[PDB]
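Shown next, in structure tokens, is the structure this report addresses.
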Amino acid sequence: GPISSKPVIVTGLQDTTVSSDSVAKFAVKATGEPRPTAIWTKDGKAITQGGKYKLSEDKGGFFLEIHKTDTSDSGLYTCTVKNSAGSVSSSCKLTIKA
């Protein structure tokens, strides 16, 4: 019968430096059946859509932008890609250069 498949990373995150007073961009590529969605965290805390964080998902890409960067934005960013078959994550450390 038809099956589902746990998401699998295609391209993961890597440690990055971005200036302060800028925008940081992260993108994960991943596949899965059903098409998965993403859940992002900053040092284990929820990242949700707003003025600060802009999230998008399209054709196997999962995007996060961090707007108006500042020192506080440094830390561990994790993207968990999930569907009803399970999940997989990818992570990196962001460094903000003043």
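Every read-out reported here was derived from the displayed coordinates using simple, explicitly stated rules and does not represent laboratory data.
Under 8 Å for C-alpha pairs, at least 6 residues apart: give me the relative contact order for the chain, rounded to a whole percent. Can you show the working numbers first?
Working: 244 pairs, mean separation 38.2, N = 98.
For the chain, the relative contact order is 39 percent.
By the rule of a C-alpha distance below 20 Å, with chain neighbours fewer than 8 residues away ignored, the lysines paired with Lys29 are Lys6, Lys42, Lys54, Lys59, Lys82, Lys93. Where the centroid of each part is defined by its Cα atoms, how far is segment 62-98 from segment 45-59 in Å? Computed from Cα coordinates, the inter-centre distance equals 10 Å.
Two decimals, Cα atoms only, Kirkwood Rh: what is Rg/Rh over the chain?
Dividing the radius of gyration by the Kirkwood radius yields 1.02.
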